[PDB]
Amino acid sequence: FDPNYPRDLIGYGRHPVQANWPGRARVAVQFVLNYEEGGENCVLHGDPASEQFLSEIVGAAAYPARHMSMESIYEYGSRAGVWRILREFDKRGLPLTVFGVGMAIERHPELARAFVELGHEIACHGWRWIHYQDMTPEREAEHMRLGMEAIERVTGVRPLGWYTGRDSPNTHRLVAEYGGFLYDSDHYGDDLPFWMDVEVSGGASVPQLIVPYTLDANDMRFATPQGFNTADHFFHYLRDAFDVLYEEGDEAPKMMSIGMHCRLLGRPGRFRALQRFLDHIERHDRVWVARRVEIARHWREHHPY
């Protein structure tokens, strides 16, 4: 049936490959710090309208003007929220991967360099934090270029991972064509990395490593209609996810992503969720807390194409 169908619904099937994580880890835990603030929709950036998504104003209108509430909500993340998250990771000696938006990174260079100073990975989260669904591949390719160049120029580091989020039908192709990415995270389809065959211009295909991310174990759900009400909701969700995976780790260890946003989890009332979750996983043996790039390198070494 439908031999040419361009989606893999089967994956590993019933019995996934043995991850063989370092330290016989039962689960690999991968915290993602999104840094988008300064790169979002804003007429100041030449966008037609103000930002609507992932704010304290759930269901916000877009205006062909500056929306000040929305701007200072985003400014919280870069002014305050980010530092609160970074302090907590530093105090615990734990790494994370920053999904850095290029324009955001240029607007706050001292913070961007603090990320590198703290030893965190920076992956490229696009030049702009905007919806790419309808953008032509020529323009999207231009932004990819601007995004990587911005990050490298400011931090001295060349990202090795890509994640747009609100991507287009072309983004996987554009990542493969640009090349040099050890992983692409625009995928919610599994609990382990795997390889995708990405069709490129000409119709032929090229292997790309996918390191799947998450939209459910993600503080973005504080700003969506179905959405954690309190720190303890997000904490219990993470805790439960971790417990399920950790118990599976005797048979077939998996990975877990945790999605974080400066302007969201950085709020003091939500931040307790991170503290509680870290305390939880610290009680467990055989947990690898890894940079995303470390999981990609591990996969490429142990589970080559």
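Each residue number is its position in the shown sequence, starting from 1.
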Name the higher of the two by mean Cα B-factor in the PDB entry, 269-277 versus 40-48.
-> 40-48
According to the deposited model, is the average Cα temperature factor higher in 158-166 or in 225-233?
-> 225-233
Which one of 241, 68, 258, 57 shows the biggest C-alpha B-factor in the PDB entry?
-> 57
Highest Cα B-factor in the PDB entry belongs to which of 216, 191, 138, 184?
-> 138
So, residue 125's CA B-factor, relative to its chain, sits in which third? The lowest
Chain thirds by Cα B factor, record data; residue 77 belongs to the lowest
Binned into thirds over the chain's modelled residues, the C-alpha B-factor of residue 171 lands in the lowest
Classify residue 95 as lowest, middle or highest third according to the C-alpha B-factor given in the PDB entry, relative to its own chain.
-> middle
Quick one: classify residue 32 as lowest, middle or highest third of the chain based on its Cα B-factor.
-> lowest
